[PDB]
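> What follows is upload.tsv, made up of TSV, C-alpha atoms:
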chain	number	residue	atom	x	y	z
A	1	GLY	CA	0.00	0.00	0.00
A	2	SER	CA	2.25	2.77	1.28
A	3	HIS	CA	5.28	2.18	-0.95
A	4	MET	CA	5.45	5.43	-2.91
A	5	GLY	CA	7.47	5.83	-6.10
A	6	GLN	CA	7.23	2.37	-7.64
A	7	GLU	CA	10.09	0.15	-6.49
A	8	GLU	CA	13.07	0.07	-4.11
A	9	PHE	CA	14.37	3.13	-5.94
A	10	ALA	CA	10.89	4.68	-5.87
A	11	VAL	CA	10.94	7.37	-8.56
A	12	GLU	CA	8.77	10.48	-8.45
A	13	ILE	CA	8.33	12.62	-11.56
A	14	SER	CA	7.27	16.25	-11.15
A	15	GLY	CA	6.72	18.29	-14.30
A	16	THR	CA	10.20	18.95	-15.67
A	17	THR	CA	11.89	17.56	-12.55
A	18	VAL	CA	11.96	13.97	-11.31
A	19	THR	CA	13.49	12.67	-8.07
A	20	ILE	CA	14.74	9.18	-7.23
A	21	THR	CA	15.22	7.47	-3.86
A	22	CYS	CA	18.27	5.36	-2.96
A	23	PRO	CA	17.26	2.04	-1.29
A	24	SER	CA	20.90	1.18	-0.58
A	25	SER	CA	20.50	2.56	2.94
A	26	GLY	CA	20.22	6.30	3.59
A	27	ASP	CA	23.32	7.65	5.32
A	28	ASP	CA	25.89	8.59	2.67
A	29	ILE	CA	24.79	7.56	-0.82
A	30	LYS	CA	27.22	8.17	-3.67
A	31	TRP	CA	25.91	8.59	-7.21
A	32	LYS	CA	27.92	8.26	-10.43
A	33	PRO	CA	25.99	8.63	-13.76
A	34	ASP	CA	25.54	12.29	-12.83
A	35	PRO	CA	26.41	13.67	-9.35
A	36	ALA	CA	25.18	17.06	-10.54
A	37	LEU	CA	21.66	15.70	-10.08
A	38	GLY	CA	22.31	13.43	-7.11
A	39	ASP	CA	21.17	14.25	-3.59
A	40	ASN	CA	21.74	12.40	-0.32
A	41	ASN	CA	19.70	9.21	-0.42
A	42	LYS	CA	18.05	10.80	-3.45
A	43	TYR	CA	18.59	11.77	-7.09
A	44	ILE	CA	17.11	15.08	-8.21
A	45	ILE	CA	16.81	14.98	-12.01
A	46	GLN	CA	16.39	18.28	-13.83
A	47	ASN	CA	16.34	19.29	-17.50
A	48	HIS	CA	16.74	15.57	-18.18
A	49	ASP	CA	16.72	14.24	-21.74
A	50	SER	CA	14.34	11.64	-23.18
A	51	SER	CA	16.71	8.67	-23.06
A	52	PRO	CA	18.13	5.72	-21.08
A	53	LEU	CA	20.93	5.37	-18.55
A	54	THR	CA	22.27	2.94	-15.98
A	55	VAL	CA	22.05	4.47	-12.52
A	56	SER	CA	24.18	3.05	-9.72
A	57	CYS	CA	23.71	3.74	-6.02
A	58	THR	CA	26.18	3.22	-3.18
A	59	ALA	CA	25.08	3.68	0.43
A	60	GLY	CA	27.83	2.60	2.80
A	61	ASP	CA	27.97	-1.16	2.28
A	62	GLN	CA	24.99	-1.35	-0.09
A	63	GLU	CA	24.70	-1.15	-3.88
A	64	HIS	CA	21.57	-0.61	-5.99
A	65	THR	CA	21.26	-0.11	-9.74
A	66	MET	CA	18.33	0.65	-12.06
A	67	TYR	CA	17.94	1.53	-15.74
A	68	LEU	CA	16.57	5.03	-16.26
A	69	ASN	CA	15.03	5.69	-19.68
A	70	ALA	CA	12.35	8.35	-19.96
A	71	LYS	CA	11.58	12.01	-20.65
A	72	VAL	CA	10.88	14.86	-18.23
A	73	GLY	CA	7.91	17.19	-18.57
A	74	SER	CA	4.59	15.34	-18.62
A	75	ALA	CA	4.41	12.07	-16.69
A	76	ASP	CA	3.66	12.12	-12.96
A	77	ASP	CA	3.51	14.52	-10.01
A	78	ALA	CA	2.84	14.89	-6.28
A	79	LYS	CA	0.92	18.09	-5.58
A	80	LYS	CA	1.17	20.66	-8.38
A	81	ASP	CA	-0.26	21.55	-11.79
A	82	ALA	CA	0.16	25.26	-12.51
A	83	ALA	CA	3.79	26.37	-12.54
A	84	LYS	CA	6.27	28.18	-14.78
A	85	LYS	CA	9.83	27.07	-14.04
A	86	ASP	CA	12.83	25.53	-15.81
A	87	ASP	CA	13.77	27.30	-19.04
A	88	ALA	CA	12.58	25.59	-22.22
A	89	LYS	CA	15.89	24.01	-23.18
A	90	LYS	CA	18.67	26.45	-22.28
A	91	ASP	CA	22.32	25.55	-22.83
A	92	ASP	CA	23.05	21.83	-23.17
A	93	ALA	CA	24.95	21.11	-26.39
A	94	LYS	CA	25.28	17.37	-25.76
A	95	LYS	CA	25.73	14.91	-22.89
A	96	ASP	CA	26.49	11.19	-22.64
A	97	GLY	CA	28.34	10.14	-19.51
A	98	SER	CA	28.87	6.39	-19.69
A	99	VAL	CA	29.50	4.92	-23.14
A	100	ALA	CA	31.93	2.02	-22.74
A	101	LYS	CA	35.67	2.49	-23.27
A	102	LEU	CA	36.32	1.91	-19.57
A	103	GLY	CA	39.61	0.88	-17.99
A	104	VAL	CA	40.99	3.91	-16.17
A	105	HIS	CA	38.24	5.53	-14.10
A	106	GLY	CA	36.35	3.04	-11.95
A	107	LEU	CA	33.74	1.07	-13.88
A	108	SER	CA	30.36	1.43	-15.61
A	109	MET	CA	27.56	-0.86	-16.75
A	110	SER	CA	24.79	-0.42	-19.29
A	111	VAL	CA	22.39	-2.28	-21.59
A	112	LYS	CA	22.82	-2.81	-25.33
A	113	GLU	CA	20.18	-3.01	-28.05
A	114	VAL	CA	20.44	-5.66	-30.75
A	115	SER	CA	18.18	-7.51	-33.20
A	116	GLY	CA	14.94	-7.09	-31.26
A	117	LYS	CA	16.92	-7.79	-28.11
A	118	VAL	CA	18.52	-6.07	-25.12
A	119	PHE	CA	21.88	-7.17	-23.73
A	120	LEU	CA	24.03	-5.90	-20.88
A	121	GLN	CA	27.63	-5.46	-19.74
A	122	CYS	CA	29.50	-5.91	-16.46
A	123	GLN	CA	32.81	-5.50	-14.62
A	124	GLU	CA	35.45	-8.21	-14.98
A	125	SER	CA	38.27	-8.79	-12.49
A	126	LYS	CA	40.44	-11.34	-14.29
A	127	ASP	CA	40.73	-12.47	-17.91
A	128	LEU	CA	40.15	-16.14	-18.73
A	129	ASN	CA	36.67	-17.50	-17.99
A	130	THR	CA	34.93	-14.98	-15.74
A	131	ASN	CA	33.22	-12.96	-18.47
A	132	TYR	CA	30.43	-10.59	-17.43
A	133	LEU	CA	29.05	-11.48	-14.00
A	134	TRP	CA	25.26	-11.62	-13.82
A	135	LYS	CA	23.31	-12.81	-10.79
A	136	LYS	CA	19.51	-12.66	-10.91
A	137	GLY	CA	17.40	-12.23	-7.77
A	138	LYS	CA	16.21	-15.78	-8.41
A	139	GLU	CA	19.11	-17.07	-10.52
A	140	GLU	CA	22.69	-17.33	-9.30
A	141	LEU	CA	25.53	-16.78	-11.78
A	142	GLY	CA	26.36	-17.92	-15.29
A	143	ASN	CA	29.28	-16.28	-17.07
A	144	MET	CA	28.52	-15.21	-20.64
A	145	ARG	CA	30.27	-13.23	-23.39
A	146	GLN	CA	27.32	-10.83	-23.48
A	147	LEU	CA	24.64	-10.38	-20.82
A	148	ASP	CA	21.39	-11.56	-22.39
A	149	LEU	CA	18.65	-12.25	-19.83
A	150	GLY	CA	15.76	-10.61	-21.64
A	151	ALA	CA	14.31	-9.37	-24.92
A	152	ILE	CA	13.35	-5.96	-26.31
A	153	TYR	CA	9.69	-6.93	-26.64
A	154	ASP	CA	9.89	-9.75	-24.12
A	155	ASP	CA	11.68	-7.72	-21.43
A	156	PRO	CA	13.95	-9.58	-18.95
A	157	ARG	CA	11.07	-9.41	-16.52
A	158	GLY	CA	13.59	-9.73	-13.71
A	159	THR	CA	16.11	-7.60	-11.83
A	160	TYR	CA	19.71	-8.81	-11.89
A	161	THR	CA	22.93	-7.95	-10.09
A	162	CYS	CA	26.25	-7.10	-11.76
A	163	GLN	CA	29.66	-6.87	-10.08
A	164	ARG	CA	33.21	-8.24	-10.11
A	165	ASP	CA	32.22	-10.96	-7.61
A	166	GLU	CA	30.64	-14.43	-7.62
A	167	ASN	CA	27.87	-12.94	-5.46
A	168	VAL	CA	27.52	-9.51	-7.07
A	169	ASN	CA	26.05	-6.78	-4.89
A	170	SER	CA	24.98	-4.07	-7.36
A	171	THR	CA	21.39	-4.99	-8.22
A	172	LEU	CA	20.43	-3.54	-11.60
A	173	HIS	CA	16.65	-3.46	-12.03
A	174	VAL	CA	14.88	-3.67	-15.40
A	175	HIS	CA	12.09	-1.40	-16.62
A	176	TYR	CA	11.95	0.29	-20.03
A	177	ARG	CA	9.12	1.56	-22.19
A	178	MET	CA	10.40	3.31	-25.32
Would you put the structure from the file into C-alpha cells?


Amino acid sequence: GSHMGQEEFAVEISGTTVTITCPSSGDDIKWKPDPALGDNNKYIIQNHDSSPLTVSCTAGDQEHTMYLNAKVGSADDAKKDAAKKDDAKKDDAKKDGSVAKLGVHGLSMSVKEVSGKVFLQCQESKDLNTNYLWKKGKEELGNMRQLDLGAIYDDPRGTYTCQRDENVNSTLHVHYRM
C-alpha cells in the first residue's frame, strides 16, 4: 500500500523535474551517472533528456542499480499543476556520460540493443573464464560473453545484479518503455 514511487528506488516525476530514492541505505549515498543531479539518499533529475541510462547507487555497504530511460515534462507529479519554471531548453549542447571504453576511471555498466533484443555489460576482475558477471534475484551466476537475460519486446522481466564478484552486490533493475 504505502510504498510510494514504484520500487526500491521509488521514482517520483514532477513536471520537468523527477526525483529518485536510494534504497541502498540512507546515510551517505554516492551517485555516479551524474552527481550534478544526485542528492543524499536521493537523485534530483532536472532538465533531463528523453533517453536511457544505468544508474548506480552506493550507500555505505549497499549497492543498488536501475535503468533510467524516460523524458521529463509530462508524466507524474505529487501536488502541483500550474507552474512556470525551468527554461525551455537552455544551454546543453550534448551529454552522454557512460558509453563504454572503460579501464581507467572506476567502472560502468549499461544495456545494449540488438536484433529485437537487449543485452548488458559488467565489470570483470580477471581475464580467462569470468566474463560478465550476472546474478539474478532468483538465478545465481552464469558467465557469458554478453549479458542476455531478456528481450526488447519480451523484457527480462527480472532484476539482476552485476559486479566483479561471484555474489555480485549491485542490483540492476529492469524497466523500459520506449

> At a cut-off of 8 Å, using only C-alpha atoms, what residues contact residue 77 of chain A? Leave out same-chain residues fewer than 3 positions from it and give the result as a VMD selection string.

chain A and resid 12 to 15 80

> Select all residues near (18.0, 6.0, -2.6) (cut-off 12 Å, inclusive, file coordinates), counting only C-alpha atoms, and output them as a PyMOL selection string.

chain A and resi 5+7-12+19-31+38-44+55-60+62-66

> By how many Å are atom CA of residue 1 of chain A and atom CA of residue 176 of chain A apart?

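If I compute the distance from atom CA of residue 1 of chain A to atom CA of residue 176 of chain A, I get 23.3 Å.
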
> Quick one: contact table of segment 105-143 of chain A to segment 153-174 of chain A, 8 Å max, nearest atom pair and distance in Å to one decimal per residue, counting all atoms listed in the file, chain and number order, as CSV?


residue,atom,partner,partner_atom,distance
A:116,CA,A:153,CA,7.0
A:117,CA,A:153,CA,7.4
A:118,CA,A:155,CA,7.9
A:122,CA,A:162,CA,5.8
A:123,CA,A:164,CA,5.3
A:124,CA,A:164,CA,5.4
A:125,CA,A:164,CA,5.6
A:132,CA,A:162,CA,7.9
A:133,CA,A:162,CA,5.7
A:134,CA,A:162,CA,5.1
A:135,CA,A:161,CA,4.9
A:136,CA,A:160,CA,4.0
A:137,CA,A:160,CA,5.8
A:140,CA,A:167,CA,7.8
A:141,CA,A:166,CA,7.0

> Using atom CA of residue 138 of chain A and atom CA of residue 175 of chain A as the two end points, give the distance in Å to one decimal.

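Going from atom CA of residue 138 of chain A over to atom CA of residue 175 of chain A, I get 17.1 Å.
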
> Have a look at A:148, A:139, A:96, A:127 and name the one nearest to residue 115 of chain A; count all atoms listed in the file.

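Counting all atoms listed in the file, the residue closest to residue 115 of chain A is A:148.
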
> Go through A:52, A:150, A:73, A:35 one by one, measure the shortest atom-to-atom distance of each to residue 119 of chain A using only C-alpha atoms, and give the residue with the smallest value.

A:150

> Name the residues in contact with residue 94 of chain A at a cut-off of 12 Å, using only C-alpha atoms, excluding same-chain residues fewer than 4 positions from it; report them as JSON, numbers by chain.

{"A": [48, 49, 89, 90]}

> Please produce a file of the residues just selected, as a PDB file, in the frame of the given file, where the atoms kept are C-alpha atoms.


ATOM      1  CA  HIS A  48      16.740  15.570 -18.180  1.00  0.00           C
ATOM      2  CA  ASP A  49      16.720  14.240 -21.740  1.00  0.00           C
ATOM      3  CA  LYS A  89      15.890  24.010 -23.180  1.00  0.00           C
ATOM      4  CA  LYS A  90      18.670  26.450 -22.280  1.00  0.00           C
TER       5      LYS A  90
END

> Expressed in Å to a single decimal, how great is the separation between atom CA of residue 101 of chain A and atom CA of residue 61 of chain A?

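Value for the atom CA of residue 101 of chain A-atom CA of residue 61 of chain A distance: 26.9 Å.
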
> Please identify all polymer residues within 12 Å of residue 16 of chain A, counting only C-alpha atoms, omitting same-chain residues fewer than 5 positions from it, and present them as a PyMOL selection string.

chain A and resi 44-50+70-77+80-81+83-89

> Return the single residue from A:109, A:100, A:18, A:147 that is closest to residue 67 of chain A, with distances computed using all atoms listed in the file.

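Looking at the shortest contact to residue 67 of chain A, the residue is A:109.
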
> I need the residue nearest residue 110 of chain A from this list: A:54, A:130, A:69, A:143. Use all atoms listed in the file for the distance.

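Once distances to residue 110 of chain A are computed over all atoms listed in the file, the minimum belongs to A:54.
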